[PDB]
Number of protein chains: 2
Amino acid sequence: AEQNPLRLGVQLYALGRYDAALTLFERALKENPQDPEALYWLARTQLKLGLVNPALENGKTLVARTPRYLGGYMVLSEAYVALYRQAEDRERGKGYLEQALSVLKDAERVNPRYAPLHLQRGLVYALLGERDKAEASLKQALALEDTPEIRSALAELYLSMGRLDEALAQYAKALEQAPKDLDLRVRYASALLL
Amino acid sequence: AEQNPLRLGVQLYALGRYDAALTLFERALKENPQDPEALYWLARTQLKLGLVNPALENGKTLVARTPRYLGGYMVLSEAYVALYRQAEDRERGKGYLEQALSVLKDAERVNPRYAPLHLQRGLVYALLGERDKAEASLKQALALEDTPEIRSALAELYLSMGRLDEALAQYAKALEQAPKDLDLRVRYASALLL
């Protein structure tokens, strides 16, 4: 009963139709109110739909009742970053980022070989203006899973650091893995606009 | 001195590089502090970057200082819908959404023939559960500027109402106007997936 709605929700999510994804994940919960996987996806969809607080609360209940599930930390982790961008105060933002680093670290204890974590950790160090630590985490991420998405983050961290030639090199590589990626082409183009 | 940066941000905004546009528009504002155009691009980027509060406040300053400038109305209105989606309480959300329809009503008074305004109005009404009014607004916008974007909004409105056939027809029409719009092909395929 929760299979169909949950399965279709994951597909639509991958298709970028979050609003439709949300409703399916809700039906997934009305059938299995606890299920961390539905809550995880629900939360992920909420972050995409700009619904921060609700996703922060779902991440919280995910780490609290299923501390062994990486989803909770990931969801919770991204939620703090959103709150950081929305940081009313400058110092208020650092705290949230600090929390994101902390939760990512705890997740690292549950699995050190998970690419997404190292990716998120790098994205968090960058927001912290910690270019140095960001690269190592991203390279770490890449060492685990060489993918276009990570080559792009790396690229992004190079534009932030001022390593333009190196950023362009990472896009060129990312584009070889997925040559028909328009998202990727635009970043490469915009970057070429040096 | 403001020209170069401001013109560059608009292009980056159009390319989807909001963080980079956000910095360029800020430089613009430092060169020309009261220029409503720069203020407007800044606030609009803030919306895209999730910085809702600063945008609402910039939206309010525009409509107040430059009342004949539609930009401010579109931004303020969009910011009210950002707050709606983030609304904790259920009636706080309606107030925001209500604030949005007001700003737009204001807007129509400066120029009753600006399609984008009729596009937002249609959006807001849809959010209030007033589909009957939404369609009219969207059809009103569509009569002004028949664009793939507006058809897509209409189709969305037909998916909400339950008219799958007609939502698909709208997507079909939008694709004939921009056959290479991939995002547009995804939404259409998602729709066909019922």
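What you see below is based on every heavy atom in this structure, not just the backbone, and it leaves out hydrogens, waters and symmetry mates. Below, read A as the first sequence line, B as the second, and so on, with proteins coming before strands; counting in each chain starts at 1.
Side-chain N/O atoms of B:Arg121 and B:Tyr125 include no donor and acceptor closer than 3.5 Å. Side chain to side chain, B:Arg17 and B:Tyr13 fail the donor-acceptor criterion of an N or O pair below 3.5 Å. A donor-acceptor pair shorter than 3.5 Å can be found between the side chains of A:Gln177 and A:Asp146.
There is a path of hydrophobic side-chain contacts, each under 4.5 Å, that joins A:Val103 to A:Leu117. Note on A:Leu123: it clusters hydrophobically with A:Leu104, by side-chain heavy-atom contacts below 4.5 Å among ILVMFWY residues.
Under the 4.5 Å side-chain criterion, counting only non-hydrogen atoms from C-beta, B:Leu47 is in contact with B:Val75. Between A:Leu144 and A:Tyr114 the shortest side-chain heavy-atom distance does not fall below 4.5 Å. Side-chain contact check for B:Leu6 versus B:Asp35: some heavy-atom pair is nearer than 4.5 Å. Contact check for B:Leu62 versus B:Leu76: no side-chain heavy atoms found under the 4.5 Å cut-off. In this structure the side chain of B:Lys180 reaches within 4.5 angstrom of the side chain of B:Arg185, judged on heavy atoms. With a 4.5 Å cut-off on side-chain heavy atoms, B:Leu49 and A:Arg85 do not count as touching. You'll find the side chain of B:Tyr158 stays beyond 4.5 Å of the side chain of B:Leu168, heavy atoms only. Taking the side chain as every heavy atom from C-beta outward, B:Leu159 and B:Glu156 approach each other to under 4.5 Å.
Between A:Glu135 and A:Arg163, at least one side-chain N (NZ, or NE/NH1/NH2) sits under 4.0 Å from a carboxylate O, which counts as a salt bridge. Classification of A:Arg187 and A:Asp183 as a salt-bridged pair holds, one side-chain N sitting under 4.0 Å from a carboxylate O. Salt bridge B:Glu98/B:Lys94: absent, no basic N to carboxylate O contact under 4.0 Å.
Considering OH of B:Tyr171 and CG of B:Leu154, their distance stands at 10.5 Å, rounded to 0.5 Å. To the nearest 0.5 Å, atom CD of residue A:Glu145 and atom CD of residue A:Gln140 are 11.5 Å apart. A distance of 12.5 Å separates CG in A:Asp165 from CD in A:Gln170, rounded to the nearest 0.5 Å. The CG atom of B:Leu42 sits 12.5 Å away from the CD atom of B:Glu37 when rounded to the nearest 0.5 Å. Note that CG of B:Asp19 is 9.5 Å distant from OG1 of B:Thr45, once rounded to the nearest 0.5 Å. To the nearest 0.5 angstrom, B:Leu51 atom CG is 6.5 Å from B:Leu22 atom CG.
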Carefully, step by step, assess A:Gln86 and B:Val52 under the rule side chain to side chain contact (heavy atoms under 4.5 Å, CB included). CA-CA 7 Å; A:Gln86 168 236 68; B:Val52 190; over 6 Å; no

Candidate pair B:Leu142 and B:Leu138, rule side chain to side chain contact (heavy atoms under 4.5 Å, CB included), full reasoning: CA-CA 6 Å; B:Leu142 206 47; B:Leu138 300 192; 6.0 Å; no

Please determine whether side chain to side chain contact (heavy atoms under 4.5 Å, CB included) holds for the pair B:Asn4 and B:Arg27, giving the CA-CA distance in whole Å, both sets of side-chain angles, and the decisive distance to 0.1 Å. CA-CA 10 Å; B:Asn4 288 306; B:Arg27 297 178 76 193; over 6 Å; no

Side chain to side chain contact (heavy atoms under 4.5 Å, CB included) evaluation trace for A:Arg113 with A:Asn111: CA-CA 6 Å; A:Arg113 298 176 53 211; A:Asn111 191 328; 3.7 Å; yes

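Open room surrounds CZ on A:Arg65; 12 or fewer heavy atoms of other groups in view lie less than 6.0 Å from it. Atom CZ of A:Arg92 has more than 12 neighbouring heavy atoms from other residues, nucleotides or ligands inside a 6.0 Å radius. Counting non-hydrogen atoms of other residues, nucleotides and ligands closer than 6.0 Å to CD of B:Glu149 gives a total of 12 or fewer. Within 6.0 Å of CD in B:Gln34 there are more than 12 heavy atoms belonging to other residues, nucleotides or ligands.
For the pair A:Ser102 (side chain) and A:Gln99 (backbone), a donor-acceptor distance under 3.5 Å is absent. A:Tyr73 places a side-chain N or O within 3.5 Å of a backbone atom of A:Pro67 that can act as its donor or acceptor partner. Panel note: side chain A:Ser190, backbone A:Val186; no donor-acceptor pair is recorded below 3.5 Å. Under a 3.5 Å cut-off, the side chain of A:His118 and the backbone N or O of A:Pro112 do form a donor-acceptor pair. Although no hydrogens or angles enter the test, the distance criterion places a donor-acceptor pair under 3.5 Å between the side chain of A:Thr23 and the main chain of A:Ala20. Put simply, the side chain of A:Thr147 gets close to the backbone of A:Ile150: a donor and an acceptor are under 3.5 Å apart.
Residues A:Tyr96 and A:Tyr80 approach most closely at O-CB, 3.3 Å, considering heavy atoms. For the pair B:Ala28 and B:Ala38, the tightest heavy-atom approach, listed with the atom from each and the gap, is CB-CB, 4.0 Å. Nearest heavy-atom pair across A:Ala153 and A:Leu119 is CB-CD1, 3.7 Å.
Listed by chain and residue number, A:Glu108 satisfy the side chain to side chain donor-acceptor pair (under 3.5 Å) test with A:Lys105 (two or more places apart in sequence, or in another chain).
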